[PDB]
Structures are given as structure tokens and as C-alpha cells.
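The chain that follows stands alone, in the form deposited in one PDB entry, written as C-alpha cells.
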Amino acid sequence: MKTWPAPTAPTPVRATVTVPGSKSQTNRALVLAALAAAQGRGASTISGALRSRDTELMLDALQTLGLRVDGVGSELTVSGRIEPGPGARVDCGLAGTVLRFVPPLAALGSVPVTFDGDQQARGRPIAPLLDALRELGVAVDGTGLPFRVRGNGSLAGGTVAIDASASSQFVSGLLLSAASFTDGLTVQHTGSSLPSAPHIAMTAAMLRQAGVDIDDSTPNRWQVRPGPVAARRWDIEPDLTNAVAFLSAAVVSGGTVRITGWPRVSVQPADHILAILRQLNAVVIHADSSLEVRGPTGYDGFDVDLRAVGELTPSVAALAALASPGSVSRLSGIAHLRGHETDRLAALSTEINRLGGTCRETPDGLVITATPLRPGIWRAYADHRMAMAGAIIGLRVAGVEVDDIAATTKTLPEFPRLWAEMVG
């Protein structure tokens, strides 16, 4: 496959970028629309939905369970029932949200639904969630992919303790269907280290928008009351995590990038993002329903806790590599990233060091010393965020090529075009 040459920015980037819908939100909207339809409440529509490999894997998963998902552009309509056919098999691909959000949903069906995935997907944690489902009265064959959920059209529900240290999606996946369990559900995360708090809060918030009663007033504990899931119209926000790759362009080039339709109040961690940009002395302003960032003329090393926003680590590692010569940066809170798409700490370390950089993995992150970089081939490891991180680096390093820029289709199929239009 041909490499993709990352275009350089010998001068301040200046652009207005529209990024498409949020993956996290879109795939939550699809699961909740599914539950409503399967409850008999009717069809739901998702407006401004992300169309990408991860959301296509989700609706296909949903269509495999018996539901009907229509729409050619960003408007998706969900209808039908959970009624899987014989030999039903969900392809989880590399979408963690399918792997983690759909086995609870399939338990409401009445047939064995098999879950399978990419060889790379088979490295992703899932065993805790499967054990949870067993505790909650579901027959599940297998402890990893491929596994079978043997549904008897009913999930007892109740109370369960889970160690979700490896992935917040184990809590989110349980919470999304719990309204449909007879007894509803009480989930207790045991121990500590619960990554990605904003994404469990995103689940809680969208549940409440669907009229589900969820109690999260005590940390590490969630209580959902059995009840109707409303059929409604869902309005999808631009993906703020993808927005940051584009905004990083303003930051490393000292230029100016605006993201259109940035939400003033949002179910995504916008505050965490903006605060991290301002750490690098970027100037961030809200203007005409769009977000504008002005990068500084230079910046030094930073320490940044990413525990709550781990999926920013590749773009922020790229920023750390492009800091003033000699700058030392520390990214922390992100031990759980060894369990992602790919182990992102090893991968980022490998690729940055290949460009002559200095990136050291630590027990919970990366320490990165900015040193001059050289041309090279930046490998994506089939990971959309790794691909975009190489793009950020090539803005400031001539001769950088990403092996597989198509990895970006996971959440942003149009990245090459978008990125080319922003840098030109």
C-alpha cells in the first residue's frame, strides 16, 4: 500500500475545519435507539451521525440482532426488534464500543449471538464484562473473542461488582441496557484506577436524555432503574477528540484554526481539552458558534494528566515531541492505554524514537524529550489516532510519511481531504 506524505507547514496554518460527528455519542445513540425500538417505543433518528468504520460496525451489529438501521448520509433511523437469526454473528472489528456495548443488548434476544473480531481486536480486554454478564444471569461461552451470548430473552439484572480498571466501556456497556433488565442494575467498580470518567458521564447523561433513571451520586457506583427507554431524535456533536488533531496544527505552527459548530455545553470533555491547549499557552476563544485556537510562537515542555482523556495521548504526544528543543514533557494517568486499539504507549514510543526522537514509556505514561527529528515512515498500527499523530508530526518535519492513513476511517474517513484542505 502506498504511504501518505504528511504535508509540512513552513508557515502558520490558517483554516476553518468542519469535523464530523462524535463516535462515542453516535454509538451510544444507536444502542439507546435500539433499546427503545426493541421495547416497542418506535423508530428513532440520529441527526448529524458519524459515518465511519466504527459506527458502520455498530449498526451492522444492530442489524445482526434484528433491527433496521436506515440512512445514507448522517441521518440514521433505527427501528424494529431484537430478534437475531440462526448463526447470528457480530463482527466487532476494532470497535471497542461494539465489543463492549452490544453483548448486553443481544442478551435480550432469544438465540445464540456469536461475537467475533479482527485478530487485533482479540487482544482487547473483555473478560471482566463477560463475567459480569454471567453474574447477571446470562449464559456466555468463551472468555474472549470469539464468544457466544446465549440469550433467553431476559436479563435478570440486580447488582454486580466489576473491576473496570482496564476499560470504562465495561461500565458504559452495562449501564446502556440496564433500563431493560427486569430488576434494573446496580454496578460497583471495585478497587481504584477508573479511567475515562467523562465517558461514563456521557453514558449517564444520554441515559437521562432518554428518560432513564440513573443514580451516580456516589463515586464508583451506578444505579439504573428498570424502565422505558424513550424513542427520540438524537443530535450529534462534532467529535472533539478528532477536533484536537486539527487544533494541534495551530499549536505547532503558531497559526490559527477554527472548528465550526463547537458546542458551548456538551456531553464530551470540552473543558479538559481547552484547558490542556491553554497549558501550551495557546489562545482559545469561542466565536460565532465555532471554536478558535491561536497557537503560540513557541512552547516548552509540559506535564499533563490524561487519565480522564486517554484518547488524546497520541495527539498530545505529538505536541510534546515538537516542543522547544530540550523540553521534557510527562504524560501521566494512562497505563490503561496498553490495552487500546493497539498498546498506544509502546507504539508512540517506537514511532517517535524511529524519527530520532526521545520518548520513554513509564509505568503509567510517557516522558518525552524534544530533540530534532528526521524523515521516516510513521506506522499507524491500524490505529486512527496513531495515523493522525503522524500527520501532526509531519507538519514540522519534512519527509514524514504515514504507512496507512486509511486507518483514520475508524472515526474520520475524510481525514486526508480535510487535512489537505487545512494545510493548503
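Numbering starts at 1 and runs along the sequence shown.
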- Hey, which bit's got the bigger mean C-alpha B factor in the entry, 52 to 60 or 361 to 369? 361 to 369
- Query: What stretch has the higher average Cα B-factor here, 329 to 337 or 309 to 317?
  - Reply: 329 to 337
- Message: Checking the record values for 248, 182, 268, 79, which has the greatest CA B factor?
- Response: 182
- Query: Looking at 172, 242, 218, 186, which has the highest CA B-factor as recorded?
  - Reply: 186
- Based on the entry's values, in what third of the chain does the Cα temperature factor of residue 9 lie: lowest, middle or highest? highest
- Message: Please place residue 294 in the lowest, middle or highest third of its chain according to the CA B-factor in the PDB entry.
- Response: highest
- Task: Would you please rank residue 160 by its C-alpha temperature factor against the other modelled residues of its chain and give the third it falls in: lowest, middle or highest?
- Result: highest
- Temperature factor at the Cα of residue 222, chain-ranked in thirds, falls in the lowest
- Position of residue 262 among the chain's modelled residues by C-alpha B-factor, lowest, middle or highest third: highest
